[PDB]
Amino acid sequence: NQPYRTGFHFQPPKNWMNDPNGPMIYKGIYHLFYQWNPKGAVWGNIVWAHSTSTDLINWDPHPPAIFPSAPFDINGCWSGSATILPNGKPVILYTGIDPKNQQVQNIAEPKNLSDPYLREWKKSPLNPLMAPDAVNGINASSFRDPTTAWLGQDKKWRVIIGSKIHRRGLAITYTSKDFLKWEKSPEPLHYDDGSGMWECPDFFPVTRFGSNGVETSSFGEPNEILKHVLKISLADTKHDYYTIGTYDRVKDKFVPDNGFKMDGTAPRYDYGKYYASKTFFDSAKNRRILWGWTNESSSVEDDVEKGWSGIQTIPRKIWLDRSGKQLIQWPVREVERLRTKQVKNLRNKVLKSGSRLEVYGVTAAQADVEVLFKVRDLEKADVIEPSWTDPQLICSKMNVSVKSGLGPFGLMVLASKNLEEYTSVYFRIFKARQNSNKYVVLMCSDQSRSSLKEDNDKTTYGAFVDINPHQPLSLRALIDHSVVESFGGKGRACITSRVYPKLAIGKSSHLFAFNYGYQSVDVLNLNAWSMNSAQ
């Protein structure tokens, strides 16, 4: 019996899953590889597992693609990325562990380029293409995760590798004119002092105005103003951060926009349980897709007990916000195909102070729900306390029991009949400590009351949303048994959490809208779809 296995998120039939690997589209087929343990529910014996799709939702298995079978990767096949060469040919750059336990960079390419599912991959010699040594002095124990490579205006390829030198994180950048002979640049594309190791780095352009994706090597088209994103997975904090800036192709550096620092004080893709993010360019739809690894919030005991660990968020479409300050994400449209044609709809319903509204007629552990909340009188929101800068510390300081002028209001997902178990995703609104009348919208994902099992990770997640509370506040949540993916302000803030209820399972879960704030807020619209299982 498996109450926590997802009905429609990507996870292997069994065992431990980890980083998403070399995602790509080839011959109109979507590919996903991933770090897999073929014989355990913990990390180990790590190989590139492999599934394919035509819609990014239903995945067909294939035997592992990249596994230890040569000096350059004999002690493991760590993370990496697929580049698609200008002639449509796809290649994987991945980190392998050698006889000396050194992290080195290997190329792998398909052996049958006419196989539409690219089942078997051949590797060099002359692998490794990139390795630490005495001359470059790269930390052999911290040199992993090559990105998708991009082609410069000087016919030379660039690729970065996450690394660190003495508690300074950097994107070690290599150049190559043939994709076979790679040479280290004197200086990295970017670095941050005091940040740890830089894992799973990503580097890609975005249009300044538009929802569409940009091919990874593009400079034009003239005219069209581009912006560049550098994303890192910060090993110490265990979060993925990105910064928006410009790519000086002359110096071959990355320059973060004024109002950013790549270490710590940066925006996250996701303010909950989300790690080792990776994007690819979906040439089929001209969109950039972001893959993300949500690991397990239960005990390791539980993981080995259920015999699997780790899921993948449903893929996000990602693009720049109009104001240029952050990225927007939104679950790929395809996932909406999983919705039943029946749809529970509630409109213009008032939530008085301290109220809640059950929403029936849905499979409440496997569902998609979208709400529009309208605030009646913004002059009623409490002025935000002076030293409240961390949105995670606000949500954890004040639970749904503590009441604000406006908020807490939102959804209670994965909830038991009598509410002993519930996961609350919600908003609070404040007036800011500014001379201009600006409001601060808080999004929380509180899971302290989430499950009766006590040794689950009940960490509460939190985020600010850049939306105007004059217009109605939008909240979506994908609910899938042991995962909720909350989206605030139409993708302006995303929180993934992991939840393991003992009561709120299958038949026995709701599903509430609620409001415990001082002022009564209006539910403008509520759509709830039951969700069919994938694959």
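Numbering starts at 1 and follows the sequence shown.
Of the two stretches examined, 273-281 and 225-233, the record assigns the greater average C-alpha temperature factor to 225-233. Stretches 78-86 and 427-435 differ in mean CA B factor, with 427-435 having the higher one. Highest C-alpha temperature factor among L290, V465, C444, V255 per the entry: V255. Of the candidates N21, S520, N18, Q11, the PDB record gives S520 the highest C-alpha temperature factor. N295: CA B factor in the lowest third of modelled residues in this chain (values from the PDB entry). When the CA B factors of the chain's modelled residues are split into thirds, the value for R333 lands in the middle one. When the modelled residues of the chain are ordered by C-alpha B-factor, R492 sits in the lowest third. In the PDB entry, a CA B factor belonging to the middle third of its chain's modelled residues is recorded for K39. For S509, the recorded CA B-factor ranks within the highest third of the chain. Only modelled residues enter the ranking.
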